[PDB]
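Just below is one structure, and these are the notes that go with it.
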Amino acid sequence: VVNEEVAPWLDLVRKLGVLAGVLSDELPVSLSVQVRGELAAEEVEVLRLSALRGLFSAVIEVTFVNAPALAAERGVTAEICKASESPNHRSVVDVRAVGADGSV
Amino acid sequence: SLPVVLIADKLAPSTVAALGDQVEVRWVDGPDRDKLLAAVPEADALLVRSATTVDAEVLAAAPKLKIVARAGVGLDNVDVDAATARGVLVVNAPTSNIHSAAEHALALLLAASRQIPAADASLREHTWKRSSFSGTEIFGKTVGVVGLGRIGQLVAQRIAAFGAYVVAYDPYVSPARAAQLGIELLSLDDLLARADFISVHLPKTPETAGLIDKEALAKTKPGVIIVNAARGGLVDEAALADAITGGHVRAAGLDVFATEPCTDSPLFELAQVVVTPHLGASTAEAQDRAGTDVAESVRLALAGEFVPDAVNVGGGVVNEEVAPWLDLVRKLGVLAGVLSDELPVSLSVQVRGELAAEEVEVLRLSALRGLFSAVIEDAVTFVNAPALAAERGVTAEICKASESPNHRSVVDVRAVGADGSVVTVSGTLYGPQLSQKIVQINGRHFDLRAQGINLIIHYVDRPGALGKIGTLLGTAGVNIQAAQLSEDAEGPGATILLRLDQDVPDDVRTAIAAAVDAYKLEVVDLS
Amino acid sequence: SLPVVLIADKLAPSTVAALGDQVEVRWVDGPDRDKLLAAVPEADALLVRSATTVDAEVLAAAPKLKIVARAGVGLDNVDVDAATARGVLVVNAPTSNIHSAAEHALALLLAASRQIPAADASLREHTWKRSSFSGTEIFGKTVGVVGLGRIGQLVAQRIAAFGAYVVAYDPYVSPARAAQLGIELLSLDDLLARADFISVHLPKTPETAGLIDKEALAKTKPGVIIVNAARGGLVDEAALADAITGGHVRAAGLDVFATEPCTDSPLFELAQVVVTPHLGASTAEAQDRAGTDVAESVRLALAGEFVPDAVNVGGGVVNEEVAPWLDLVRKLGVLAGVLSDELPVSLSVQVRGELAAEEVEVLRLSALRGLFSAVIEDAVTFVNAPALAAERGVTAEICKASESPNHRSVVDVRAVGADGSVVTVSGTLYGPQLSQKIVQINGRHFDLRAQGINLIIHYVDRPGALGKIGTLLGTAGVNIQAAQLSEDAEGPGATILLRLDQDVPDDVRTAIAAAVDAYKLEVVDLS
């Protein structure tokens, strides 16, 4: 069960992955999803899947158990972090894409 | 161990008797630097007039100083920033000169209408030139009061008993307050057109400086008598001389000069202009009151009580959590006032989220300080809310809510109009540096630095408007640092706010207004 | 010799501990007449709840009585006229039930939306009829508050946290006050059209009685739930039943009845109508507060201090010179309110001539009492000005002047609008009988009894207007006792005021308005 607090973020975090991908010059070698604030008390694994899926749609002609194997075979490692501490927003999700050349 | 109150200028023990028997009062020759610096280390309070300068050197040398009290209205001789910087409460006596100044304005108006000095001079030269003089009668005439603060109000009251009709210009008094005074509020242009006498009662702010220039003088009624016992320069000195010489304004009275000491004004060569060396408060009664006022402020302050006449913030007065919010909230007040069509009758300050757990009454005062900046002089930070409410007709309240919708803390300033309309502006602070951010205006959200010159436009012609505006601005050489724009949720309108690196010349503002068919165009400096 | 405080109803010593140790507190069985009458001769103060009747007999029997205090809101059991007649201060606890009443309105709204009683009954009959019920959700809905006094304000605050949008109807709250509350002020018609829920919070005055009749019920939204925990009859009981039965209003909640005790209402035969036997204040907390409130009022009163919660005037409270002016000035407030386009933001009371030498602050309260009569219940004479200002947004001031232009004394009431417009009405007293006279309205002078039914018309079509009006009135059978009329000094308008022997039917008012092309037509009873 995706928690009621988490469900509404799925689509947002997908769009963040879309954005991070299109805004990346090269295909990223890594994707990092950082959950901060109140949301960080929830189960948010599924937000990593959403990001990745946003990342890859913005690049490839993509489902939820599809994307981790697609990511692997495109050499994109993912990562998810959770921290209660958010400096401004009550809850915020950051999607970070790093390219082969070290660009962010 | 009795607290030490050091008096560094000429204030009599009797003048300062409001201090209890619970203090040790000492005197020093303040103007003598060596004496002062030797006496101040032991001082818990320092009272001063105008002759002693309370700079950083003095403050650094006074390790237990809790209050600097200036027995007067001006704060030129006190570095209020340094005092705040070291947690020292600064106080003045803000209403101590009001009757003496009002009376002096009237003195100058009568002295000019009836040529008292010249006449006195003729008799002083042992001749009788009665046939030469011709005065002007006040009864039945219209008197324009430019600025309706406390003093302008007293002048209107006194002049009204002469049978004069009183009109006033002051965008910073509510219409209901003016109506309670029985005074008709007018545009400046209309006051100029109507007034047989003009008395100026503005503070000096760049909003105010040289307000009555040649353009203005030319709109007045032929035969006007004009008095300025307010601030040097409110009436352009050279333009006055021109208008006096040309005959259009019959007479004037001045107590204050663009720069003083003033000994070389051309106005001094004109008989029809009565002049006095800044005497408006030169009265035993006003100097005594300045002292007894400030003696009471110092008592309250030493009694850990609340100090209405405070000018700044110093001491426990404010938490570390709250302190950084003061300046942001001041800027929200400025903004809510600029975005308003007319003076709101009140400000509602809503404090939401984490900040709501704090003691935040001072934030209500910040908002008001911001709203009224155009009639407040820079040094002052705090203003007396009850006095503001009674004098100008505007109030403020604070409301707290546990929840802030988005940011962990937000402050919303609601400026409410007499007709029940509302203008809302919000800010937060966040980050290691606690940068001040404007985050909402009237239901539109964004994130813009609360700083610099900001241009705000409400307008109706939408397509290509961004291009038109940015192109006009950039042709004028104006850099656009940041921007926020959105089409109204309901209606034909749209709005945009831009941070610029400089002000916008009037012609270009006119061009922009024309280009996008603006109904509101404002430029506000949030620094 | 310690002052005697007699408690004649069930108030605990602890409830009344706010009385000092400087009084002797005794108890009596108030409802027992013999006991009461035997105990009261020694009483300096008398506290009572609802069970003891404080009539003239009681008062005549209590020669040193200074205060009658009612621990509650109603004054039905006290003859306030007789008490005033004998110089006895009467006090109540005017805000003691506000939270319990607000909570009960909410209780009734929820109980009706979710059919709590019926549902509880089904389970009480040992059956499970879950499928039968269908409730109504408050979130996102519009809630109409009819009357925005203190309690209506609390209800709006509580209901707003349910995510409901709040609108209100109250001609007696300023637009700026409503905007500070974040509430949209509406015409009654517009509230009716928009509201999914209606909560009534009016006082009972003939301005108010049966406000929501069949005509009104028919304007509401299909599916409305309507609550009245205010006053019996505000919503027409039979019209409600009709609308409930017909289905148009889904549910209702009532705590009060056109007449109570009520045991036979048809509404009691309707499941979709939740009913409670006037329980709004039936709370230990509200009864305790009523007591501690009134215990403090009695302390202040015995301390020769000022009694905010006073309901009338008694004792030194007012000079013999001033006393007769109270009722005149109340009538000036009524008049200034009627002649105003909307609620003034303030009243300026000017006292001029001989009366100016008197202590006349109470006159400021009279004016306000008059202005607000439509939302004040008859027994009350004094109202709490600070509370009125905070609750409804209207203030009053007094100004004195030595000179009255014509009469030896005159009082002018200036009603000032938020836009700075002003309505002025003046009266005097003179003569062996001190007859009350209205002597000015808006710069027009005359001499008319301040009494009876007065019709006031501002109108634009002038020639033969006197004939048209007097002919319509006299065809309706209406006698015209006195009259004052004049053509405006500037403009096409004219005005007339007439004292009539009866009210004017609506159709004839419509006819008169039509006949002279009126822009304002009002009928006010000044008795």
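So for chain C, numbering is Swiss-Prot's, and the shown residues are 2-528, in order.
Each residue, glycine too, has its Cβ placed from N, Cα and C.
Pulled from Swiss-Prot:
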- C:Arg232: active site (ACT_SITE)
- C:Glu261: active site (ACT_SITE)
- C:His279: active site, proton donor (ACT_SITE)
- C:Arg151, C:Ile152, C:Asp171, C:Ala230, C:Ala231, C:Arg232, C:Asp256, C:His279, C:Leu280, C:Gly281, C:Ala282: NAD(+) binding site (BINDING)
- C:455-527: domain 'ACT' (DOMAIN)
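In terms of Cα distance, the recorded positions that sit within 10 Å of C:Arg232 (active site) are C:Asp256, chosen from C:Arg151, C:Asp171, C:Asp256, C:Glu261, C:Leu280, C:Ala282.
Summarised by DSSP class, the composition of the domain 'ACT' (C:455-527) is 22 helix, 29 strand, 22 coil.
DSSP assigns C:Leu280 (NAD(+) binding site) to coil, not to a helix or a strand. Farthest C-alpha pair in the NAD(+)-binding residues C:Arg151, C:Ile152, C:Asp171, C:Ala230, C:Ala231, C:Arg232, C:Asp256, C:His279, C:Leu280, C:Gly281, C:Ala282: 25 Å apart. When the binding-site residues C:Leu280, C:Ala282 are compared by the number of other C-beta atoms lying within 10 angstroms of their own C-beta, C:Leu280 comes out lowest. Within 10 Å of C:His279 (active site, proton donor), as judged by C-alpha distances, the recorded positions found are C:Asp256, C:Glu261; the full candidate list was C:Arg151, C:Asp171, C:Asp256, C:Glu261. The C-beta environment of C:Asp256 (NAD(+) binding site), restricted to residues of the same chain at least 6 apart in sequence and closer than 8 Å, consists of C:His105, C:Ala106, C:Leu109, C:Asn229, C:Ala230, C:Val276, C:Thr277, C:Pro278, C:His279, C:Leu280, C:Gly281. In this structure, the CA atom of C:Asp171 (NAD(+) binding site) is 27 Å away from the CA atom of C:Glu261 (active site).
For C:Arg151 (NAD(+) binding site), the same-chain residues that are 6 or more apart in sequence and have a Cβ closer than 8 Å to its Cβ are C:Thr96, C:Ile99, C:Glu392. The two recorded residues, C:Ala282 (NAD(+) binding site) and C:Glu261 (active site), show a Cα separation of 15 Å. Here the active-site residues are C:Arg232, C:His279, and the one with the most other Cβ atoms within 10 Å of its Cβ is C:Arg232. Here the Cβ of C:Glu261 (active site) has 11 other Cβ atoms within 10 Å, regardless of which shown protein chain they belong to.
When secondary structure is read from DSSP and collapsed to three states, C:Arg151 (NAD(+) binding site) falls in the helix class. Note: the Cα of C:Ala231 (NAD(+) binding site) and the Cα of C:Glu261 (active site) are spaced 13 Å from each other.
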